[PDB]
Amino acid sequence: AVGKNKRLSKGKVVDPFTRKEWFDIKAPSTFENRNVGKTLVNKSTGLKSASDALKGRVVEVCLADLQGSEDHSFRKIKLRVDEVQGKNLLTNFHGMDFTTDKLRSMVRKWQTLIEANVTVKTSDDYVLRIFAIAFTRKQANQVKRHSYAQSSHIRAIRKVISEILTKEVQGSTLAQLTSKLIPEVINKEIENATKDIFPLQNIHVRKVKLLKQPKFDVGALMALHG
Amino acid sequence: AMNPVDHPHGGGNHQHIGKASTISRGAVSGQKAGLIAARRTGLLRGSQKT
Amino acid sequence: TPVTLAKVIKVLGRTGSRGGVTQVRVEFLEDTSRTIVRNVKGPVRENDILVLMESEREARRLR
Amino acid sequence: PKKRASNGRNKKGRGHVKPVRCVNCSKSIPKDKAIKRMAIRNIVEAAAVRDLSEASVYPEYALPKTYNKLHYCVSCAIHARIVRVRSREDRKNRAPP
Amino acid sequence: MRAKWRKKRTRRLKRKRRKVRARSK
Amino acid sequence: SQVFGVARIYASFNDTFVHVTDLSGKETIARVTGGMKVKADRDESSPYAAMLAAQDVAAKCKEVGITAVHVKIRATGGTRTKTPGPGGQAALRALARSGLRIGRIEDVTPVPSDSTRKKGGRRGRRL
RNA sequence: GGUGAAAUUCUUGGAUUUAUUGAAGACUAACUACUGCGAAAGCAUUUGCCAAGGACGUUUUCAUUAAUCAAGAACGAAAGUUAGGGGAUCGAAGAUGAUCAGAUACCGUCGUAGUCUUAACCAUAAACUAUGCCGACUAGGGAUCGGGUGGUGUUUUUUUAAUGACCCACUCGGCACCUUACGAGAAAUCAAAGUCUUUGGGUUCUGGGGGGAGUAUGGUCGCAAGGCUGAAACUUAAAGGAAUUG
Ligand SMILES: [Mg+2]
Ligand SMILES: [Mg+2]
Ligand SMILES: [Mg+2]
Ligand SMILES: [Mg+2]
Ligand SMILES: [Mg+2]
Ligand SMILES: [Mg+2]
Ligand SMILES: [Mg+2]
Ligand SMILES: [Mg+2]
Ligand SMILES: [Mg+2]
Ligand SMILES: [Mg+2]
Ligand SMILES: [Mg+2]
Ligand SMILES: [Mg+2]
Ligand SMILES: [Mg+2]
């Protein structure tokens with residue numbers, strides 16, 4: 001597997017880490033921790049502008065790291081670099097997601113899997129797609145073993161959930177949402193509307209993803225990194 | 001079906017072309033008869049992959 | 001040329017097509033409370049000490 | 001003669017079952033007739049847990065698990081130390097081990 | 001031989017016998 | 001305190017990829033595979049080869065400066081087996097015992113929502 | 001990269017791998033069940049519109065309008081045909097590497113038709129429950145799906161009502177399941193394959209030893225492939241079903 005290369009060049013050494021400089025990743029204000037970590041970029045030459053070679057980066061961080069508490073252990077968070085100033089490259093919220101093990105954990109058989117997504121736009125003209133998931137549960141004292149919904153509660157469940165998701169988005173620009181997913185207020189608020197329909201355990205909502213972003217508005221981002 | 005005086009493909013004791021009917025893009029007037037600057041020939045098979 | 005001296009704590013059984021290779025779980029003398037399972041060619045008993053030219057592999061235990 | 005009452009499968013009132021592919025040899029097999037097994041295992045080992053703990057920040061992290069639903073065909077299951085073969089009276093038992 | 005391929009062998013034979021008989025009418 | 005990285009171990013049959021990256025992932029450090037350590041063309045997926053590959057990833061990290069890594073185990077995924085290869089799990093053990101620190105272990109195998117079609121034909125791969 | 005192992009193949013022109021995007025077409029995972037719907041074929045993301053349907057409930061209406069059916073008609077998997085769109089993936093053919101005594105196969109890499117869709121054909125399948133439809137009766141038991149009834153039954157609202165979801169009892173209809181053999185069967189097995197020498201509820205279709213043979217021929221339908229109908233000469237003493245012991 002080593003000495004089996006027929007040829008290396010179709011037509012026919014310098015250490016790359018002696019020309020690299022580290023930076024610092026900063027999380028927005030709506031997070032307990034700001035020291036995400038560090039990144040690697042070559043030094044900016046005259047025609048390279050290594051700051052430009054860094055602007056589009058996106059970093060994935062666990063919410064348990066930002067909040068310091070393992071209650072958000074799964075809770076994946078994506079932060080997108082928006083501005084670079086003095087070794088302190090600044091990121092903004094880019095998307096929340098679930099770890100694979102957590103999503104694979106909740107999906108069990110002999111219970112119904114109910115999903116809902118919305119294409120609602122925020123107050124700050126951010127366009128978001130919010131995904132919601134919930135599972136049925138057996139009532140206390142229940143004897144039958146599957147506890148399946150009747151595909152008509154599920155429509156009612158999905159319809160009510162879709163109203164909650166859009167409503168909690170319109171009226172909040174981007175940081176209220178980021179500070180609403182942290183306490184899981186939407187998850188607690190969904191149950192109170194769907195409890196009279198059917199039990200619905202495990203309402204950990206789902207990933208959220210950005211669709212299109214507004215004009216850069218460098219003043220707004222600096223308002224977070226106060 | 002022509003005489004050699006009339007067309008490049010003219011002439012012969014049988015009706016044929018005699019040379020490849022794919023022509024260069026750099027040919028001149030009087031030479032660009034047939035398939036001009038053809039990237040391929042023959043029956044098209046599969047997706048064009050445009 | 002670092003070599004490792006590990007001590008047998010319990011024999012598991014005979015593996016291999018002919019059964020000539022014994023499956024035994026041993027314990028490291030230095031840095032104890034760490035155990036590895038190894039395949040041994042010859043006759044092995046309890047409390048034996050094994051030399052491992054390379055001691056970073058969990059040998060394939062039949063189960 | 002008719003070997004089994006269900007004859008291979010769990011199709012009584014389905015007509016068609018829209019098959020699934022075998023995970024070992026890509027053979028097409030109806031989903032009811034498939035031999036689904038669920039594989040839920042810890043992320044590392046029963047032996048690497050000793051070394052992945054002290055070498056980890058966030059002490060006692062989660063020891064997460066992996067979840068996977070495997071489908072086997074009739075041939076792939078018998079060859080893989082699975083449902084292989086039983087006696088005529090043992091064939092009727094549907095209880096898992 | 002397999003009944004499937006005896007069906008296939010006979011169909012090919014009927015192709016030719018439908019073709020050699022067309023040479024006359 | 002600790003400079004973090006991403007292990008990005010690709011456990012598969014016939015090979016094993018171990019290569020650390022930045023927290024963003026764009027910049028890569030110490031990409032060495034299992035097939036670079038053993039000349040068999042058959043032992044590429046072996047746990048020993050992945051263990052040797054995992055050691056070289058760790059050795060370069062200290063020189064670069066990275067002291068701890070995050071871990072992402074991956075199988076082939078898609079319409080393929082989705083089961084991690086034999087050596088990918090041994091590579092993770094070698095990473096942990098080499099002096100680096102581990103956090104945020106995750107399985108990142110790509111799973112489809114009943115994707116296009118699996119190769120092999122209807123009757124399967126008859127061998 | 002692939003394999004039991006390799007080779008064809010791709011790589012310093014950066015292969016594989018990592019990250020950010022974009023396009024295309026196909027599919028509808030996990031949830032998924034000895035569960036549901038449909039005449040069968042068949043049908044699994046969300047929402048909107050259109051028409052349909054079974055069961056249940058009913059002190060509504062009509063009143064025998066019914067059951068099964070030659071002829072005849074609608075629908076009818078996959079593959080295939082015609083013409084457009086589309087053409088990611090897989091992939092009859094073909095090209096290649098390998099295995100082999102050979103290997104025009106199984107394994108590997110490519111890869112055309114096809115796969116997807118629109119308009120029209122084809123009319124087949126182990127299209128199977130290998131079990132025609134309608135009707136009555138005959139043993140027990142639990143579970144489940146849909147509807148309904150009853151119970152000061154449990155929990156959530158507004159401690160509190162009604163609903164919703166559960167629990168208990170009954171019931172009508174459905175998909176099946178467990179035990180036994182009154183009975184049936186050559187047996188395997190069967191709550192129907194039972195109520196059949198104590199032989200008759202109504203009705204449709206098909207078979208009469210094994211080959212030749214679903215072949216020839218003549219018709220008829222199809223663009224074609226082919227479909228439906230369908231012999232004879234000849235030949236033979238056994239083929240065949242279920243179980244038994246090796
Ligand atoms: Mg048999
Ligand atoms: Mg590259
Ligand atoms: Mg259902
Ligand atoms: Mg779906
Ligand atoms: Mg009738
Ligand atoms: Mg037929
Ligand atoms: Mg059918
Ligand atoms: Mg019932
Ligand atoms: Mg009921
Ligand atoms: Mg039913
Ligand atoms: Mg007779
Ligand atoms: Mg006869
Ligand atoms: Mg027999």
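Residues numbered from 1 in each chain as written, not as in the entry; some residues may be left out. Chains lettered and ligands numbered in written order. Part of a larger assembly, values for the part shown. Heavy atoms only, no water. Residues with missing side-chain atoms left out of burial classes, pairs and counts.

Colleague: How do you make sense of the overall build of chain C when you look at a structure like this?
Modeller: Of regular secondary structure, chain C possesses 0 helices and 4 strands. In terms of overall dimensions, chain C has C-alpha extents of about 35 × 25 × 20 Å along its principal axes. (Helix = DSSP H or I, 4+ residues; strand = E, 2+ residues; numbered from the N terminus.)

Colleague: Can you walk me through the interface of chain A and chain D in this structure?
Modeller: Size of an interface: often given as the accessible area lost when the parts come together. The interface of chain A with chain D comprises 6 residues on the first partner and 6 residues on the second. Between chain A and chain D the total buried area reaches about 520 Å² when both faces are included, carbon and sulfur atoms providing 49% of it. Its largest share of buried area at the contact with chain D, chain A owes to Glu70, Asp101 and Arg104 of chain A, together 59% of the area lost on that side. Viewed at the interface, chain D and chain A are joined by 0 salt bridges. Across the chain A-chain D interface, the total number found is 2 residue pairs in polar contact. Here the element with the most residues in the side of chain A that touches chain D is helix α2 (residues 100-106) of chain A; it accounts for 3 residues. Here the residues of the side of chain A that touches chain D are counted per class, giving no nonpolar, 1 polar and 5 charged. (Contact = heavy atoms within 4.5 Å. Buried area = accessible area lost by both parts, 1.4 Å probe. Salt bridge = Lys/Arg side-chain N within 4 Å of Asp/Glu carboxyl O. Polar contact = N/O pair within 3.5 Å; in protein donor to acceptor, adjacent residues only side chain to side chain. Nonpolar A, V, L, I, M, F, W, Y, C, P; charged D, E, K, R; others polar.)

Colleague: What is the right way to read the arrangement of the chains from this model?
Modeller: The top pair by number of contacts, from a total of 5 pairs of chains in contact, is chains D and F. In this assembly chain A lies apart from chain C, the nearest approach of their C-alpha atoms being 21 Å. These two, chain A and chain E, are apart from each other, with no contact and a minimum C-alpha gap of 43 Å.

Colleague: Quick question: what am I supposed to make of the pairing of strand β1 (residues 9-12) of chain F here?
Modeller: Each regular strand displays side chains that alternate between the two surfaces of the sheet. Residues and elements named next belong to chain F. On β1, burial covers both faces: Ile9 and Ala11 on one face and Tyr10 and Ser12 on the other are all buried. Two strands pair when backbone bridges link them, and β1 and strand β2 (residues 15-21) are joined in this way by 4 bridges, in the antiparallel orientation. Note that in β2 the partner of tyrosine 10 across the bridge is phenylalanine 17. (Buried < 20%, exposed > 50% of the residue type's maximum accessible area, 1.4 Å probe, protein only. Pairing = 2+ DSSP bridges.)

Colleague: Any chance you could explain the sheet that holds strand β1 (residues 4-15) of chain C here in plain terms?
Modeller: Strand pairing in a sheet relies on backbone hydrogen bonds. The paired strands run either parallel or antiparallel. Residues and elements named next belong to chain C. Sheet architecture is open: 4 strands sit in the order β3-β2-β1-β4, paired in antiparallel fashion. The outermost strands of the open sheet, each flanked by one partner alone, are β3 (35-40) and β4 (49-52). This sheet shows a mean twist of 45° between the axes of neighbouring strands, independent of strand direction. As defined by bridge partners, β1 adjoins strand β2 (residues 21-28) across 8 bridges and the pair is classed as antiparallel. The residue bridging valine 11 from the neighbouring strand is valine 24, located in β2. (Axes fitted to C-alpha atoms, helices over the stretch in contact; angles between N-to-C directions.)

Colleague: Before we go on, may I ask you to explain the pattern of salt bridges in this structure?
Modeller: Oppositely charged side chains can form a pair if their charged atoms are brought close together. Residues and elements named next belong to chain A. Tallying each qualifying case throughout the model produces 23 salt bridges over all chains. With its nearest N and O atoms 3.4 Å apart, the salt bridge here joins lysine 76 to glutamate 60. One end of the pair, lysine 76, is in strand β4 (residues 76-83); the other, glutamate 60, is in strand β3 (residues 58-62), and 16 residues separate them in sequence. Exposure remark for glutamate 60: the relative accessible area of 33% places this residue in the partly exposed category.

Colleague: Hey, could you run me through a nonpolar patch on the surface in this one?
Modeller: Residues and elements named next belong to chain C. A cluster of nonpolar side chains, namely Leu5, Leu29, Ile49 and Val51, defines an oily patch on the protein surface of about 350 Å² accessible area. By the element assignment, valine 51 lies in strand β4. Classification of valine 51 as exposed rests on a relative accessible area of 58%. (Patch = residues over 30% accessible without salt bridge, like charges linked within 9 Å, V, L, I, M, F, W, Y side chains within 5 Å. Areas by Shrake-Rupley, 256 points an atom, 1.4 Å probe, with all protein chains shown as cover.)

Colleague: Just checking my understanding: could you explain the protein's contact with RNA strand G for this structure?
Modeller: Within the structure, RNA strand G sits among 85 residues, and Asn141 and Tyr148 of chain A, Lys31 of chain D together with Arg17 and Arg21 of chain E are positioned closest to it. Backbone sugar and phosphate groups make up 73% of those atoms of RNA strand G lying within 4 Å of the protein. Here a sugar or linking oxygen of RNA strand G sits 2.8 Å away from a polar atom, N or O, in the side chain of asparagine 10 of chain D. In this structure, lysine 12 of chain D approaches RNA strand G through a main-chain N or O atom, which is 2.7 Å from a sugar or linking oxygen. Mapped by element, the contributors of at least two residues to the surface near RNA strand G are β6 (113-118) and α3 (153-169) of chain A, α1 (3-20) of chain E together with β2 of chain F. Among the elements that line the surface near RNA strand G, the one with the most residues is α1 of chain E, at 6 residues. The class makeup of the residues in the surface near RNA strand G is 15 nonpolar, 27 polar and 43 charged. (Near = heavy atom within 4 Å.)

Colleague: Where do I start with the nonpolar core in this structure?
Modeller: Burial of nonpolar side chains together is a common tendency in soluble globular proteins. The biggest cluster of nonpolar side chains holds 46 residues, and the ones touching the most others in it are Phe31, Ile77 and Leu165 of chain A. Looking at this core, the element that brings in the most residues is α3 of chain A, giving 6 residues. Not counting residues up to four positions away in its chain, the partners in contact with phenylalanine 31 of chain A are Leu63, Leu66, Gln67, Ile77, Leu79, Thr178 and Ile182 of chain A. Grouped together as the second largest cluster of nonpolar side chains are 34 residues, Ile43, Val44 and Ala55 of chain D together with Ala96 of chain F included. (Core = buried A, V, L, I, M, F, W, Y, C linked by side-chain atoms within 4.5 Å.)

Colleague: Please clarify how the interface of chain D and chain F should be interpreted in this entry.
Modeller: Residue-level contacts link 24 residues of chain D with 25 residues of chain F. Of the roughly 2,200 Å² buried between chain D and chain F, counting both surfaces, carbon and sulfur atoms make up 52%. The largest per-residue losses of area from chain D upon contact with chain F belong to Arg21, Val57 and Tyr61 of chain D, which jointly make up 23% of the total buried on that side. Taken together, the links from chain D to chain F amount to 1 salt bridge. Taken together, chain D and chain F are joined by 14 residue pairs in polar contact. Counting only elements with at least two residues in the side of chain D that touches chain F, the list comes to α1 (49-54) and β4 (65-70) of chain D.

Colleague: Would you explain the sheet that holds β1 of chain F in this entry?
Modeller: Residues and elements named next belong to chain F. An order of β3-β2-β1-β4-β5 is seen for the 5 strands of this open sheet, with the pairing classed as mixed. The open sheet is flanked by β3 (28-33) and β5 (101-107), the only strands paired with a single partner. Taken pair by pair, the neighbouring strands of this sheet meet at an average axis angle of 20°, ignoring direction. Here β2 pairs with β3 via 4 bridges, running antiparallel. Across the sheet, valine 20 pairs through a bridge with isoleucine 29, a residue of β3. Of the strands in this sheet, β2 and β3 touch helix α1 (residues 47-64), which is tilted by about 160° from β3. Across the sheet, helix α2 (residues 88-96) lies against β1, β2, β4 (68-74) and β5, angled at about 150° from β1, the strand it touches most.

Colleague: What is the right way to look at unusual backbone geometry in this model?
Modeller: Of all residues except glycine, most have a negative phi; of all peptide bonds, most are trans. Residue and element names in this part refer to chain A. Not every positive phi belongs to a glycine, and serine 49 is a case in point at roughly 55°. One can find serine 49 in the loop between β2 (35-42) and β3. For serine 147, which is not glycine, the phi torsion reads 55° and is therefore positive. Residue placement: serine 147 occurs in the loop between β7 (127-135) and α3.

Colleague: Whenever I open this one, the packing of α1 of chain F against α2 of chain F confuses me. Can you help?
Modeller: For any two helices packed against each other, one specifies the crossing angle of their axes together with the interaxial distance. Residue and element names in this part refer to chain F. Taken N-terminus to C-terminus, the directions of α1 and α2 make an angle of 35°; their axes are 8 Å apart at the nearest point. Along this stretch, α1 crosses α2, giving a crossing that reads as right-handed. Residues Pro47, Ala50, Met51, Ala54 and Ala58 of α1 pack against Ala90, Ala91, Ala94 and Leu95 of α2. The residue inventory of the contact of α1 with α2, partitioned by class, reads 9 nonpolar, no polar and no charged. (Left-handed = near helix turned anticlockwise from the far one by under 90°.)

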